[PDB]
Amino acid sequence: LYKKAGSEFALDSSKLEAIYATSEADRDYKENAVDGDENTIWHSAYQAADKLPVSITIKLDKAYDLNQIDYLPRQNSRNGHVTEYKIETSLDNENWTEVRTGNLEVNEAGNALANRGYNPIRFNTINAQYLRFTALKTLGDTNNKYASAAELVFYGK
C-alpha cells in the first residue's frame, strides 16, 4: 500500500529546503532532515525548558502533488525517535491544511522505533510547496522532550 525508495515519484533531496524548525541543538541543523543523508540528523533543543511538540518546515522548489513522505529515524541512537506525528501542507507557508496525524510502532522494549529504516507515511494526494512535520510524541533518555529526524523523503508529481 506504501511506496518504497524507488518510486518514480521520489523527489530528490536537491528539491527540498528546510526553512524552519522550532529549535536546533548541537550541530544537528534543520537542513540535515532533507540532505539525502542517513548520517546527518536534525535534532531539536533539549535544554530544561524545551518540550514537545517541535516541528520542521520543508520547502519544495515548486508546488508538488504529494501523497507520501518517509521518516528515517536517527541511525546511531534512539534519542529523538518520533512515535507520534502531524503532517500539514501549504502553498504559501501561512495557510496550512492538516493532512493527517499518526504513530510509528516502537520495538518490543519500548526504547526505539520498531522500524529503523524508512517509515512510510502516506496521505491523500494534496498539492503543496511547504510541508510542516510535527513531532507529537518521541523517545529518548528522556521521552517526549526532543525530536530528531535523519531524513524526510518526499513523493509527488
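Residues carry their position along the shown sequence, with the first being 1.
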{"query": "Higher-B stretch (mean Cα B-factor, as the entry records it), 104-112 or 119-127", "finding": "104-112"}
{"query": "Per the entry, higher mean C-alpha B factor between 146-154 and 2-10", "finding": "2-10"}
{"query": "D70, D35, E94, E88, ranked by C-alpha B-factor: the highest one", "finding": "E94"}
{"query": "Chain third (lowest, middle, highest) by recorded CA B-factor, residue given as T57", "finding": "lowest"}
{"query": "Entry-reported Cα temperature factor of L136, expressed as the chain third it lands in", "finding": "middle"}
{"query": "Where the record places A48 (Cα B-factor, split into thirds across the chain)", "finding": "highest"}
{"query": "Record-listed C-alpha B factor of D28: chain third", "finding": "middle"}
